[PDB]
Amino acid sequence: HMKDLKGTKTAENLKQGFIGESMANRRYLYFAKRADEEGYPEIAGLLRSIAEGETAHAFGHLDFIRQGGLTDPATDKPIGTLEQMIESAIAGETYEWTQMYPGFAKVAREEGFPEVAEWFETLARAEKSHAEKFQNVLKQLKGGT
């Protein structure tokens, strides 16, 4: 019979699958740039085509998560409706600019890595801008205009 995914090992395996598939697409597109520079177009093309595979895998994991009423792997927020999706976006961006990247920057400065700290501070300011743009979308959706 049909069962709730909530609290199951399968729910956790969909989450972990999503994380790994997300990383695989980013990794393969980064590796493709090195193949591009070095003159390996067949290798770059394969990396890019396999990366599209990993997009399909990630999106299918999110399909089962959303259809199963499970939460966003990144934020533990529901992602059933577009409004919920934007609220998930806002929650993650808010965590990143208010807590995560400032904390990473402080640790980098304290460990003697000022260039890395500056990068984390650039990202904190970027995620704040993202949060603001998503907040404006949510106003448009929630207000129905």
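Numbering starts at 1 and runs along the sequence shown.
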Stretch with the higher entry mean CA B-factor, where the candidates are 79-87 and 62-70: 62-70
Listed options 122, 25, 129, 16: highest C-alpha B factor recorded at 16
For residue 100, does the deposited CA B-factor place it in the lowest, middle or highest third of the chain? middle
Residue 51 CA temperature factor, ranked by third within the chain: lowest
For residue 43, the third of its chain by CA B-factor is the highest
